[PDB]
Amino acid sequence: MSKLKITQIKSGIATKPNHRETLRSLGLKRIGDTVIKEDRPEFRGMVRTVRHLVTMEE
Amino acid sequence: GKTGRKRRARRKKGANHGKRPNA
Amino acid sequence: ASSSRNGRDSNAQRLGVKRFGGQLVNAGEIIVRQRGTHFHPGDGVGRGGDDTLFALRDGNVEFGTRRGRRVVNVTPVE
RNA sequence: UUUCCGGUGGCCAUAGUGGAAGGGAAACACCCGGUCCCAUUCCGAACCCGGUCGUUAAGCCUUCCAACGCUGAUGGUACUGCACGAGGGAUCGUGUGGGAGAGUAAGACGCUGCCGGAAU
RNA sequence: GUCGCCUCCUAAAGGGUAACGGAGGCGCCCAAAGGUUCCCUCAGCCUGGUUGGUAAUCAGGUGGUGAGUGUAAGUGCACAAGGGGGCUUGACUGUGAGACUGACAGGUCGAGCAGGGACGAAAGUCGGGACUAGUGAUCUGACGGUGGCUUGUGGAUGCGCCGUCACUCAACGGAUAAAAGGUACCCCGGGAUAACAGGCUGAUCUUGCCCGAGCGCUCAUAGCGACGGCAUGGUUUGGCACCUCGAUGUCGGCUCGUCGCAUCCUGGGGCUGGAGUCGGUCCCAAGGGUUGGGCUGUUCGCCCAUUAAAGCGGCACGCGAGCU
RNA sequence: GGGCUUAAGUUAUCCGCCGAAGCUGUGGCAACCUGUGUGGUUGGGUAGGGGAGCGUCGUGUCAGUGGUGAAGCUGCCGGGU
RNA sequence: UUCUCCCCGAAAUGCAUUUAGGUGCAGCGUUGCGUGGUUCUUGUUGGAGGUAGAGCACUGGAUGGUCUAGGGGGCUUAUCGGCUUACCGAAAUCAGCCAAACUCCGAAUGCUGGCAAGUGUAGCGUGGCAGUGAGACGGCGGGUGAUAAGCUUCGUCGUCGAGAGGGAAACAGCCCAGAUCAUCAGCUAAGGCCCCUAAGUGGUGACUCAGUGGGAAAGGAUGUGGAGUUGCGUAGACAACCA
RNA sequence: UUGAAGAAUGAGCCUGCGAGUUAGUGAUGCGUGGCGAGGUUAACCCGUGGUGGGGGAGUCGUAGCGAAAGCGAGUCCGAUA
Ligand SMILES: [Mg+2]
Ligand SMILES: [Mg+2]
Ligand SMILES: [Mg+2]
Ligand SMILES: [Mg+2]
Ligand SMILES: [Mg+2]
Ligand SMILES: [Mg+2]
Ligand SMILES: [Mg+2]
Ligand SMILES: [Mg+2]
Ligand SMILES: [Mg+2]
Ligand SMILES: [Mg+2]
Ligand SMILES: [Mg+2]
Ligand SMILES: [Mg+2]
Ligand SMILES: [Mg+2]
Ligand SMILES: [Mg+2]
Ligand SMILES: [Mg+2]
Ligand SMILES: [Mg+2]
Ligand SMILES: [Mg+2]
Ligand SMILES: [Mg+2]
Ligand SMILES: [Mg+2]
Ligand SMILES: [Mg+2]
Ligand SMILES: [Mg+2]
Ligand SMILES: [Mg+2]
Ligand SMILES: [Mg+2]
Ligand SMILES: [Mg+2]
Ligand SMILES: [Mg+2]
Ligand SMILES: [Mg+2]
Ligand SMILES: [Mg+2]
Ligand SMILES: [Mg+2]
Ligand SMILES: [Mg+2]
Ligand SMILES: [Mg+2]
Ligand SMILES: [Mg+2]
Ligand SMILES: [Mg+2]
Ligand SMILES: [Mg+2]
Ligand SMILES: [Mg+2]
Ligand SMILES: [Mg+2]
Ligand SMILES: [Mg+2]
Ligand SMILES: [Mg+2]
Ligand SMILES: [Mg+2]
Ligand SMILES: [Mg+2]
Ligand SMILES: [Mg+2]
Ligand SMILES: [Mg+2]
Ligand SMILES: [Mg+2]
Ligand SMILES: [Mg+2]
Ligand SMILES: [Mg+2]
Ligand SMILES: [Mg+2]
Ligand SMILES: [Mg+2]
Ligand SMILES: [Mg+2]
Ligand SMILES: [Mg+2]
Ligand SMILES: [Mg+2]
Ligand SMILES: [Mg+2]
Ligand SMILES: [Mg+2]
Ligand SMILES: [Mg+2]
Ligand SMILES: [Mg+2]
Ligand SMILES: [Mg+2]
Ligand SMILES: [Mg+2]
Ligand SMILES: [Mg+2]
Ligand SMILES: [Mg+2]
Ligand SMILES: [Mg+2]
Ligand SMILES: [Mg+2]
Ligand SMILES: [Mg+2]
Ligand SMILES: [Mg+2]
Ligand SMILES: [Mg+2]
Ligand SMILES: [Mg+2]
Ligand SMILES: [Mg+2]
Ligand SMILES: [Mg+2]
Ligand SMILES: [Mg+2]
Ligand SMILES: [Mg+2]
Ligand SMILES: [Mg+2]
Ligand SMILES: [Mg+2]
Ligand SMILES: [Mg+2]
Ligand SMILES: [Mg+2]
Ligand SMILES: [Mg+2]
Ligand SMILES: [Mg+2]
Ligand SMILES: [Mg+2]
Ligand SMILES: [Mg+2]
Ligand SMILES: [Mg+2]
């Protein structure tokens with residue numbers, strides 16, 4: 001557990017509904033919004049699913 | 001046609017990303 | 001001009017597996033609609049007039065091999 | 001307890017196919033009869049019945065042979081979800097995930113359960 | 001030409017998925033080709049054998065599905081669902097837990113139970129057919145059974161219920177039981193949709209180009225260019241149906257021009273050449289010029305007489321609020 | 001488009017900046033959710049659904065008001081989402 | 001088809017239709033009541049498959065080789081029989097291939113269960129009221145068409161429709177981004193920084209000299225930079241110059 | 001309208017006028033008020049004094065199931081299944 005830090009850098013407009021729902025599940029609501037998540041494989045999966053829309057840190 | 005060729009080639013501009021309405 | 005001697009087709013019949021592996025079913029629940037026995041009836045599974053495989057008992061659906069045949073079983077629920 | 005063998009399952013070729021050698025104590029089998037139950041769309045061939053003499057030639061069993069077949073990675077490639085990119089265009093490339101088939105090394109002359117048999 | 005149903009492909013490894021997309025089938029058939037029980041394994045190939053031949057029937061050997069399946073196709077089926085024998089009618093009555101599939105009407109599967117049977121020694125299987133087409137809602141009427149109802153009562157009569165029958169209602173969710181045409185005499189929303197022009201496209205057309213078999217005494221390339229290949233132009237015939245149907249007037253001539261150059265003449269130059277004279281061809285070049293008549297509404301085209309020559313095209317196939 | 005090769009072209013790379021009604025800061029309004037001290041989420045919009053209002057005319061009632069000038073018309077100065 | 005604002009917010013699809021520009025039902029909107037994580041996303045775990053790819057086991061298509069039944073042409077001459085078979089050649093076999101309606105194989109995705117976590121307030125039932133049932137272009141996967149169309153018809157996502165703002169010279173459908181109002185504050189996205197035009201005539205290293213950049217093919221060309229392989233060469237190379 | 005500044009439609013201008021209404025003891029929801037296992041009257045009569053009183057005929061709720069006879073928290077198909 002390293003407490004992933006995820007922030008949204010691109011909009012959800014014109015992205016796939018999969019990607020938009022992934023952003024919603026991550027809790028990101030705007031560009032520049034940041035959330036903190038545990039180093040859990042489900043959250044790694046969400047991050048890699050929307051990897052073109054968000055950046056991740058520790 | 002020249003007009004059609006220019007219309008199709010307009011999609012190569014930078015801001016468009018290889019796409020444009022009506023090709 | 002010309003014309004086509006084709007254009008006829010039959011209505012969609014909607015075959016295929018209706019309950020996949022591990023899915024809980026009731027007795028009599030239809031597991032697979034098919035033509036011919038691509039799947040043979042296994043344990044706890046009956047075969048109907050049109051080769052529909054259905055559950056003879058409650059339990060979980062599993063797909064397996066019984067001797068040399070692809071079969072569908074319904075394991076009784078624990 | 002073990003060994004060997006006869007039945008009856010499971011996996012359904014890594015088990016098959018083909019070749020070679022050897023074996024029968026019980027058992028299996030071919031074999032010997034058809035009087036009797038029974039039987040042949042003709043035939044006691046088969047089915048069935050009565051024997052277990054004869055015989056391990058075959059079935060069966062044991063050992064051996066990768067020869068045909070079967071099994072088969074690793075790596076790479078094709079393709080591909082998502083994200084992009086390049087060509088006038090058929091079409092092509094990259095990032096990030098997944099990833100064959102074919103082919104290659106290789107495996108393999110079966111595995112395993114229960115019951116019975118003769119011996120230990 | 002098509003309209004309902006069935007199978008496959010398109011259909012992008014659940015299901016579903018359109019086109020006047022690509023292939024075929026159905027409107028039945030079977031008293032066994034149904035039920036049950038037991039038995040059997042094919043086609044092909046090889047060898048031998050009266051008639052007998054590739055192939056009839058027979059024998060041996062081989063051979064696992066390549067035969068077969070009432071009927072299309074697919075999925076199945078050799079454990080046979082394929083072949084044969086015995087006995088039969090479950091091609092039942094009362095039912096349907098629980099599901100599948102459709103907007104719905106509807107379509108499909110079904111365990112278990114009772115009655116009464118068939119087959120089997122039994123276990124058991126049997127509510128038609130290996131599976132999926134072989135079909136038609138409702139209305140109205142009909143026949144058989146039943147006897148629920150019957151307008152004062154009893155009858156009768158009529159109706160109801162149950163079973164079943166009568167539609168190529170095939171335009172197959174089935175406007176009426178019953179129906180063809182003409183309109184240039186026509187009349188009263190759509191550029192959702194045609195004719196003209198514009199736009200896209202460029203098959204066709206057009207103009208080039210690459211390769212060079214061959215022809216050119218000889219000599220691919222003076223000049224030609226087979227088979228093939230690659231493009232230009234947008235003027236031809238089309239394709240599309242994007243613009244206009246509360247109007248974008250559509251052929252030819254007349255008048256007036258203007259633009260392109262893919263140059264008819266005149267100017268210049270190469271290669272050939274070509275004796276010269278002339279020619280022919282690949283470049284340059286759009287300054288100017290590029291006639292008058294016969295025929296036809298014509299464009300086109302042919303012809304007569306000339307000329308340095310009688311160019312090709314664009315401009316809503318230039319130009320009808322300019323004419324015809 | 002001007003102009004540009006003395007790149008203002010192509011390409012690799014590095015350092016900055018510009019740039020939207022996006023984000024953030026600040027102030028106001030609103031819908032909804034929530035334990036109800038907080039806070040959270042939200043507020044482009046046609047067909048269309050729901051909710052709450054402005055203005056005109058008539059009228060019951062109460063309070064009135066009007067030649068010391070009603071209605072209407074027309075200026076100015078203000079007010080509200 | 002006439003006043004306002006607040007909240008939410010479509011469809012141009014399916015089926016049927018004397019139906020195709022109409023309509024019913026379903027889909028999608030809103031709203032009352034009820035039910036509350038059932039929805040959705042990701043991870044994990046398990047299923048059925050026959051597409052992409054690939055393959056040649058099957059069914060068709062196919063090239064070459066070997067070999068050959070058997071057919072053609074001849075003669076000696078034929079009832080044979082022989083020479084031929086230098087011709088044709090099914091089949092079998094070897095090697096290389098092809099397939100929407102081929103498959104010994106076979107993904108990625110998708111679909112569908114179990115479990116876990118996350119999550120707007122999603123899902124579902126049942127009532128009131130609808131509108132819609134003419135779609136467009138773009139990406140990707142296909143059919144029709146000619147390797148055509150801003151063509152046509154499906155699958156799928158996006159935008160437009162119903163979307164202002166920034167970029168694309170202008171430019172519904174492309175890119176960035178979803179406008180509650182105010183602000184003469186700041187940071188960025190796509191795209192940009194010589195001037196038009198806000199920000200670099202930026203730094204460093206290469207390439208181009210065609211205004212390529214700032215449209216195009218087959219084909220052609222001692223353009224120019226860089227990286228190989230290889231022949232020859234002070235036994236003296238390649239040119240130039242004497243026999 | 002897929003798409004209109006459109007070279008698609010309509011409007012020369014102002015003023016006035018010009019389109020979701022009304023009727024049913026209709027059908028079906030909702031809000032609200034009354035009464036509540038009950039609710040409610042219609043015609044008509046009285047009030048020449050009205051908007052109030054009477055009028056319960058009817059009608060909806062109060063039991064369903066069945067073609068019906070009928071049975072009834074059951075009923076219908078069925079065999080008292
Ligand atoms: Mg052209
Ligand atoms: Mg059957
Ligand atoms: Mg049947
Ligand atoms: Mg392998
Ligand atoms: Mg492999
Ligand atoms: Mg499918
Ligand atoms: Mg799919
Ligand atoms: Mg469709
Ligand atoms: Mg049979
Ligand atoms: Mg019958
Ligand atoms: Mg049921
Ligand atoms: Mg059917
Ligand atoms: Mg019985
Ligand atoms: Mg018996
Ligand atoms: Mg049959
Ligand atoms: Mg049968
Ligand atoms: Mg009728
Ligand atoms: Mg009477
Ligand atoms: Mg009956
Ligand atoms: Mg019809
Ligand atoms: Mg009729
Ligand atoms: Mg006349
Ligand atoms: Mg008219
Ligand atoms: Mg049109
Ligand atoms: Mg229209
Ligand atoms: Mg036209
Ligand atoms: Mg026009
Ligand atoms: Mg044209
Ligand atoms: Mg058309
Ligand atoms: Mg169209
Ligand atoms: Mg007009
Ligand atoms: Mg010229
Ligand atoms: Mg001239
Ligand atoms: Mg000039
Ligand atoms: Mg003519
Ligand atoms: Mg001219
Ligand atoms: Mg004209
Ligand atoms: Mg004119
Ligand atoms: Mg700003
Ligand atoms: Mg904002
Ligand atoms: Mg703010
Ligand atoms: Mg709003
Ligand atoms: Mg907003
Ligand atoms: Mg509205
Ligand atoms: Mg007074
Ligand atoms: Mg007044
Ligand atoms: Mg909204
Ligand atoms: Mg393929
Ligand atoms: Mg509707
Ligand atoms: Mg319609
Ligand atoms: Mg439509
Ligand atoms: Mg359409
Ligand atoms: Mg469409
Ligand atoms: Mg599309
Ligand atoms: Mg195509
Ligand atoms: Mg189109
Ligand atoms: Mg619209
Ligand atoms: Mg939008
Ligand atoms: Mg916009
Ligand atoms: Mg813009
Ligand atoms: Mg602009
Ligand atoms: Mg900045
Ligand atoms: Mg940037
Ligand atoms: Mg400007
Ligand atoms: Mg400088
Ligand atoms: Mg510079
Ligand atoms: Mg040049
Ligand atoms: Mg240029
Ligand atoms: Mg070029
Ligand atoms: Mg239109
Ligand atoms: Mg106008
Ligand atoms: Mg105008
Ligand atoms: Mg109009
Ligand atoms: Mg007008
Ligand atoms: Mg007017
Ligand atoms: Mg009464």
Side-chain angles (χ1 to χ4, degrees), chain A residues 4 6-53, chain B, chain C residues 1-40 44-58 60-70 72 74:
Chain A
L4 292 200
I6 309 146
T7 186
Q8 198 186 318
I9 63 170
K10 315 297 290 196
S11 178
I13 309 175
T15 54
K16 304 210 164 294
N18 190 42
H19 302 339
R20 290 196 307 279
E21 289 310 272
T22 315
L23 284 169
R24 162 190 72 82
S25 305
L26 279 167
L28 307 164
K29 293 182 183 293
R30 288 166 300 272
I31 295 169
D33 195 335
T34 308
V35 302
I36 301 299
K37 297 278 189 188
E38 277 74 353
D39 211 333
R40 294 178 65 88
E42 56 258 20
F43 305 132
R44 322 280 305 208
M46 320 205 190
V47 171
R48 68 180 65 252
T49 303
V50 295
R51 64 190 309 270
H52 59 284
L53 305 177
Chain B
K2 184 177 180 180
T3 308
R5 276 185 325 242
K6 284 165 105 157
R7 184 185 44 107
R8 270 181 300 281
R10 262 198 277 286
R11 80 177 169 91
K12 275 215 271 173
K13 293 282 178 67
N16 317 115
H17 280 42
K19 296 159 280 153
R20 199 130 171 179
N22 310 310
Chain C
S2 182
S3 70
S4 178
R5 296 295 86 193
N6 315 307
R8 298 158 317 280
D9 194 357
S10 81
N11 283 323
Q13 309 292 334
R14 291 138 170 104
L15 306 185
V17 170
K18 303 308 190 188
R19 296 286 183 275
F20 294 92
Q23 208 158 335
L24 188 73
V25 300
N26 291 342
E29 195 165 314
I30 284 189
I31 300 174
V32 63
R33 309 293 288 238
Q34 60 180 5
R35 304 271 94 90
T37 64
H38 179 90
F39 301 97
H40 288 262
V45 163
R47 169 204 188 180
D50 62 17
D51 310 307
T52 293
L53 298 201
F54 57 93
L56 291 180
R57 65 187 180 223
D58 297 15
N60 294 281
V61 166
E62 66 183 1
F63 286 80
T65 307
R66 179 71 275 172
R67 280 164 61 97
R69 298 193 185 286
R70 292 188 296 272
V72 179
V74 169

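Chain naming here is simple, since letters A, B, ... match the order of the sequence lines and numbering starts at 1 in each. Atom set for the values below is all heavy atoms of this structure, side chains included, hydrogens, waters and symmetry mates excluded.
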If you take the six-membered rings of [N] and [M], are their centres closer than 5.5 Å and their planes within less than 30° of each other?
N: D/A15; M: D/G16; value: no
N: G/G203; M: G/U204; value: yes
N: E/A81; M: E/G82; value: no

Original post:
So what does C/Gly49 touch, heavy atoms closer than 4.0 Å: a base, only the sugar-phosphate, or nothing?
Top reply: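 The residue C/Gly49 makes sugar-phosphate contact but no base contact.
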**OP:** Using a 4.0 Å heavy-atom cut-off across all strands, classify C/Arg67 as base, sugar-phosphate, or nothing.
**Re:** base
Is there a donor-acceptor pair closer than 3.5 Å between any side-chain N or O of [X] and the backbone N or O of [Y]?
X: C/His40; Y: C/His38; answer: no
X: C/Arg33; Y: C/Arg14; answer: no
X: C/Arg70; Y: C/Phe39; answer: no

Original post:
Got a donor-acceptor pair under 3.5 Å from the side chain of A/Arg24 to the base of G/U41?
Top reply: no
**OP:** Check if the side chain of A/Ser25 and the base of G/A117 share a donor-acceptor pair of N or O atoms closer than 3.5 Å.
**Re:**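 Counting by modelled atom types and ignoring angles, no donor-acceptor contact under 3.5 Å is found here.
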Subject >> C1' atoms of E/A203 and E/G181, separation to the nearest Å >> reply: 42 Å
**OP:** Considering only atom P, compute the distance from D/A58 to G/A69 and round it to an integer number of Å.
**Re:**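 Their P atoms lie roughly 40 Å apart.
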**OP:** Hey, could you give me the CD/CG distance between C/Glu29 and C/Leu24, rounded to the nearest 0.5 Å?
**Re:** 8.0 Å
Subject >> Pair partner, G/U109 [Watson-Crick or wobble, under 3.5 Å] >> reply: none
**OP:** Could you tell me whether C/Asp51 and C/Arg35 have a side-chain N and a carboxylate O separated by less than 4.0 Å?
**Re:**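 C/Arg35 and C/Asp51: not salt-bridged.
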Original post:
Are any of the side-chain nitrogens in A/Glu42 or A/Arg40 under 4.0 Å away from the carboxylate oxygens of its partner?
Top reply: yes
Subject >> Separation of E/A99 P from C/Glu29 CD (nearest whole Å) >> reply: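 Result: 6 Å.
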Original post:
Separation of A/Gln8 atom CD from F/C23 atom P, in whole Å?
Top reply: 11 Å
Each nucleotide N or O in nucleotides 187-194 of chain G that has a protein N or O under 3.5 Å away: list the pair and distance.
unit_1, atom_1, unit_2, atom_2, d
G/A189, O3', A/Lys10, NZ, 3.3
G/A189, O2', A/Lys10, NZ, 3.3
G/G191, OP1, B/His17, NE2, 3.4

**OP:** Toss me the dot-bracket line for RNA chain D: Watson-Crick and G-U wobble, both under 3.5 Å, 5' to 3', using | for pairs to another strand and [ ] for crossers.
**Re:** .(.((((((((....((((((.(......(((((...(.....)...))))..).....).)))).)).((.......((((((((....)))))))).......))..)))))))).).
Subject >> Close approaches to RNA chain G from residues 12-20 of chain A, in residue order (heavy atom, under 4.0 Å) >> reply: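 Residues of residues 12-20 of chain A under 4.0 Å from RNA chain G: A/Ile13, A/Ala14, A/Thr15, A/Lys16, A/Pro17, A/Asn18, A/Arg20.
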Original post:
What's the closest nucleotide to the C/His38 side chain, out of E/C200, E/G1, E/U75?
Top reply: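 The answer is E/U75.
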